[PDB]
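Letters are used for the chains, namely A, B, C, D, E, F, G and H, taken in the order the chains are written, and counting of residues starts over at 1 for each.
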Amino acid sequence: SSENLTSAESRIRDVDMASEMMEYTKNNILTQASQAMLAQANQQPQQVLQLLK
Amino acid sequence: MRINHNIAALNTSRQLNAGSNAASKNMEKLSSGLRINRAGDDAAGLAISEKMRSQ
Amino acid sequence: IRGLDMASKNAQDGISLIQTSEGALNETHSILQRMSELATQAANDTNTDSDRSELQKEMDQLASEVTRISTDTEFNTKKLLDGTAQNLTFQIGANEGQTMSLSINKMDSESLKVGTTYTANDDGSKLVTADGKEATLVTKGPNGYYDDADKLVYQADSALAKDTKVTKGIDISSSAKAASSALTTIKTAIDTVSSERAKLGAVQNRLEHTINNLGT
Amino acid sequence: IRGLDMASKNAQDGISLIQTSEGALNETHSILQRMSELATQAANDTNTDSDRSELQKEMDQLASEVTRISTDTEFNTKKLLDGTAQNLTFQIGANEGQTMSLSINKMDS
Amino acid sequence: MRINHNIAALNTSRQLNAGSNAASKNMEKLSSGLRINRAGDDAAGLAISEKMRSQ
Amino acid sequence: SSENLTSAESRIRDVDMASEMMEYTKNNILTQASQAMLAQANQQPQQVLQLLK
Amino acid sequence: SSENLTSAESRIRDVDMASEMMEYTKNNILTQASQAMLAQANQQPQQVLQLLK
Amino acid sequence: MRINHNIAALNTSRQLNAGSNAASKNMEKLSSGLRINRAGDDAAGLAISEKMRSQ
């Protein structure tokens, strides 16, 4: 009854290493995609200076 | 071309501080090895677990 | 999607609830198996009543352990084998009515008929079983809770506390004929335990297919 | 152009609807495969009726899962394997009549 | 290239948690030495065995 | 009759060590094959960053 | 009475080699999992430099 | 993106100095062969043992 409950509690509490590392990598890329586009988002307002002169 | 506000960059900032939070939450689980660290990850999971551990 | 991945947790939390029950009945089989050797030995007539009653000591101790497994086996806070875990509905599916029921029968010595459980009345004068078989205290001879036929039921000189249950094994010590009679009763109990174990092994096999299909 | 690029979404939304159905029948195969071992074992005459009826417990539990897959397999809000997904028309093309039909039969026990 | 979901990795995860389960089931038999540990491995095998052991 | 039934029960209940160790090794490899490909499956989404810049 | 007490004291005092080696290996992996993720945790703040320029 | 504090790494450090401690405690038992090395592993176990050894 300890094995059957230890296994029962592990499924509820312990994390799946495979299903979590794969999900961590996804959000670790989605933040770099937003990081990359944030840099370009700041460059866009810089083009009105050539028009203002 | 409106200069005083960059809505394109302001919108990208929110998505930047929304995948960083998710990655931080994912790394908590990976380091500890537990799905339920805080009680907000699973209320019933937290309740059942503690009964289980006690048993 | 968030329903099927959660209904896959329910299917696996039902696999654990079912493994616990059949894991418990795994031992009711071994106790019933040992309990059957102490009826082929008690049926031989080279034994005396001093030795049949000597075997009855383990008879009552094995039958009292079969009852313990039923009332003690507990997943979460649910008693599985005491007959209260009925109509257990697992939501294997993301919608209404995508459930599976389950009913585990009472699997104690009283239900398998390999024993009987007396409970102590409020004063402790008479041990009372369900269906109401009396066992009064200090009734003189050796001291204990005697029955209406002078057959000692429990060996105690003081008075038992309130709602203290005692389990007494099936009769193998009164005669060789009685011990032979208990042989079919025990071997039938092994049959109604095997039926329960594979009524739970069938559900677990189904839930293993339900998990692959929910995951796919 | 805006039709072919959208009709390419319909073609891929039909690929998903079809992968779901055959993904479900992937398991009706395994249940039917296990269900066939519990008839070569039940046909042996060393079994007794106490044990053939013992196998029947899993017989009825496997056959009740084959039915579940049919009535539960659902893409979008469409039951695919219960015999109601008939004449499914995918507009693979930007014009009239550039469609493909499909009919999945009822695949329950 | 869709980033929010890695179906290639998500599909591989299921096959990962399907050979691990089979290996765990195989190691139960190897450690105990018995084909039928649970009643789900053979219902009729469990029933026949117990009658046999009793006999 | 005990030998004939002990042998009869062993065939039903006991496992074949050879046929089971060989099967255990197979699934013990199929999980490493999936383990090896899971690592590469996570690397594939990482290549869009070089395109996003 | 020495054997019965020696065995009694061993159960209370002596460790189970199997149940302890298996537990030692678990924490010996959980520390490497945390070690592996600590390295990546330090890399994440390094990505703001490409945005600051 | 806050730089002056890395809560993700600071949280992982605590889990790092919590499995190392457990592994160190497990290796004490494995080397000595005793469950109860210190009195904090089992107070009643320590008390019963010493009575037992004395006897």
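Please note the rule applied: a contact is a pair of C-beta atoms (placed from the backbone, for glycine too) under 8 Å apart; a residue touches a chain by one contact, two chains touch by 3 or more.
In a homomeric contact, the two copies may use the same or different surfaces; for chain B and chain H, under half of the interface residue numbers are shared, pointing to different surfaces. The chain with its C-alpha centre at the largest distance from the centre of chain D is H. Between A-B and B-C, more contacting C-beta pairs join the chains of A-B. In whole angstrom, the spacing between the mean C-alpha positions of chain C and chain H is 40. Chain centres here are Cα means. That of chain B falls 25 Å from that of chain G. Chain B and chain H have centres, each the mean of its CA atoms, that are 30 Å apart. Residue numbers of chain B whose C-beta contacts span two or more other chains: 16, 20, 23, 27, 30-33, 48, 52, 55.
Pairs of chains meeting the touch criterion are A-B, A-C, A-E, A-F, A-G, B-C, B-G, B-H, C-D, C-E, D-E, E-F, G-H.
Those residues of chain E that touch chain F in the shared complex are 1, 3, 6, 8-9, 12-13, 15-16, 19-20, 22-23, 26-27, 29-30, 32-36, 42, 45, 48-49, 52-53, 55. Across the interface of their complex, chain H is touched by residues 5, 8-9, 12-15, 17, 20-21, 23-24, 27-28, 30-31, 34-35, 37-38, 41-42, 44-45, 47-48, 51 of chain G. Looking at the complex, you find that chain B touches chain H at residues 16-17, 20, 23-24, 27-28, 31-32. Contact residues of chain A toward chain C in the complex are 1, 3-5, 7-8, 11-12. On the chain A side of its complex with chain E, the touching residues are 16, 18-19, 22, 25-26, 29-30, 33.
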